[PDB]
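Encoded as structure tokens, the structure appears first; notes follow it.
Each residue takes its place number in the sequence, starting with 1. Quick note: numbers below take in every heavy atom, side chains included, and nothing from hydrogens, waters or symmetry partners.
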Amino acid sequence: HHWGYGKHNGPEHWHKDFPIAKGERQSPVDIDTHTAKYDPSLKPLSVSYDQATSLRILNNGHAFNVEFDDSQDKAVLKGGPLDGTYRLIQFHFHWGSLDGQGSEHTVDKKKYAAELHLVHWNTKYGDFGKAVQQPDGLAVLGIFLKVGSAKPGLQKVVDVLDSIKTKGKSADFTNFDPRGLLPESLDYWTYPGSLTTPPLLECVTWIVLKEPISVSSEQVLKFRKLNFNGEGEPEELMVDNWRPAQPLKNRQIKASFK
Ligand SMILES: [Zn+2]
């Protein structure tokens with residue numbers, strides 16, 4: 001009876017195995033744009049992805065991850081609200097069964113069709129497993145997807161999903177450039193939060209970009225053909241793998257822009 005997104009093991013049940021689900025800095029949250037505070041001391045984001053080395057794409061049974069070589073400072077995030085250098089380790093998405101839902105964060109209660117998470121870890125802790133035990137261990141860049149025109153930089157991801165349809169399948173996935181997934185503007189909101197899947201650790205500085213990227217209906221439709229289950233098990237479509245918004249409690253969301 002492992003955790004998942006179904007009726008009997010979904011997010012409303014996670015607190016029984018992971019009691020930090022009712023913690024003080026859980027994610028995602030609703031971003032109220034009128035009570036976010038403009039902070040003029042926030043620095044612009046520095047995204048340095050020109051030497052990124054992708055390695056593999058994997059269906060882990062709740063999402064698919066594109067994994068990167070994080071043994072050197074090749075694809076790093078700096079600046080913004082961060083102190084120090086954060087290395088890119090993987091990205092993944094959350095999406096819905098319908099275009100009107102799928103994102104984890106919401107903006108004035110508005111849901112997007114999907115949400116991209118680029119996960120980075122603080123190099124001063126030496127490896128990802130150590131970083132997740134620290135309050136400043138991870139920085140996650142969150143990008144909203146809306147349905148409209150196609151995103152050409154996403155198509156290489158879409159076309160290999162047939163090869164990793166079921167849980168535990170992986171495929172070689174080299175020379176993918178994550179710069180093709182970024183919007184034009186890097187204006188952002190930021191707040192302290194958590195991983196949005198178990199173990200739900202409160203180790204994340206969230207950086208949520210204001211500008212969504214557009215993807216086509218055909219692109220998101222191919223996300224919905226993946227399976228939660230392993231091969232040879234009954235088919236359950238991988239859809240609605242998003243956690244609902246959690247209470248903000250004693251946190252303030254800051255904005256880099258007026
Ligand atoms: Zn995520």
Residues 169-190 vs salt bridge (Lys or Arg N to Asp or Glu O under 4.0 Å), sequence neighbours excluded, gives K169-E231, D177-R179, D187-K210
In short, salt bridge (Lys or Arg N to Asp or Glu O under 4.0 Å) pairs touching residues 27-44 with sequence neighbours left out are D39-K254
So does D50 pair up with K74, basic N to acidic O under 4.0 Å?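 The answer is no: the pair does not qualify as a salt bridge.
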Open item on the list: I'd like to know if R224 pairs up with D99 as an ion pair, taking the criterion as any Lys NZ or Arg NE/NH1/NH2 lying under 4.0 Å from an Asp or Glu carboxylate oxygen.
Closed with: yes
Under 4.5 Å between side-chain heavy atoms, counting indirect links through other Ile/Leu/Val/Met/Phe/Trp/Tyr residues: same cluster for [X] and [Y] or not?
X: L195; Y: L58; result: no
X: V76; Y: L45; result: no
X: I253; Y: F257; result: yes

For [X] and [Y], work out which heavy atoms get closest and say how close.
X: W242; Y: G102; answer: CB-O, 3.5 Å
X: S185; Y: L209; answer: O-CD1, 4.4 Å
X: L55; Y: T174; answer: O-CG2, 4.2 Å
X: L138; Y: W121; answer: CD2-CB, 3.7 Å
X: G61; Y: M238; answer: C-CE, 3.9 Å
X: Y188; Y: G80; answer: OH-CA, 3.2 Å

Taking only residues two or more places apart in sequence or in another chain, which ones pass side-chain hydrogen bond (donor to acceptor under 3.5 Å, both in side chains) with [X]?
X: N241; result: none
X: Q134; result: none
X: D83; result: none
X: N65; result: none

* In terms of ring plane angle, is the pair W14 and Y5 parallel, tilted or perpendicular, where the classes change at 30° and 60°? -> perpendicular
| query | For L42, does its backbone N or O pair with a side-chain atom of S256 as donor and acceptor, under 3.5 Å? | reply | no
Gap separating the CD1 atom of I31 from the NZ atom of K110, nearest 0.5 angstrom:
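So the gap between those two atoms works out to 12.5 Å.
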Problem - With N227 via side-chain contact (heavy atoms from CB on, under 4.5 Å) - residues at least two apart - result: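 Partners of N227 by the side-chain contact (heavy atoms from CB on, under 4.5 Å) criterion, ordered by chain and then number, come out as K165, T166, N229, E235, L237.
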Residues passing the side-chain contact (heavy atoms from CB on, under 4.5 Å) test with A114, sequence neighbours excluded, are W95, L145
> Do the side-chain N and O atoms of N250 and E24 include a donor-acceptor pair separated by under 3.5 angstrom?
Replying inline: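 Absent: no donor and acceptor within the cut-off.
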ring-ring contact (aromatic ring centres under 6.0 Å, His included) partners for [X], two or more places apart:
X: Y125; result: none
X: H92; result: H94, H117
X: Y112; result: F144

Looking at [X], I want to see if its [atom1] is surrounded by more than 12 non-hydrogen atoms of other residues, nucleotides or ligands under 6.0 Å.
X: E233; atom1: CD; value: yes
X: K111; atom1: NZ; value: no
X: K109; atom1: NZ; value: no
X: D159; atom1: CG; value: yes

### Query
In this structure, which one of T123, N122, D73, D127 forms a side-chain hydrogen bond (donor to acceptor under 3.5 Å, both in side chains) with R87?
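That would be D73; it is the only one of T123, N122, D73, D127 passing the side-chain hydrogen bond (donor to acceptor under 3.5 Å, both in side chains) with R87.
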Which residue pairs pass the side-chain hydrogen bond (donor to acceptor under 3.5 Å, both in side chains) test with at least one member in residues 189-208, sequence neighbours excluded?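 For residues 189-208, and leaving out neighbouring residues, the side-chain hydrogen bond (donor to acceptor under 3.5 Å, both in side chains) pairs sorted by first residue read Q26-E202, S27-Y191, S27-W206, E104-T196, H105-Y191.
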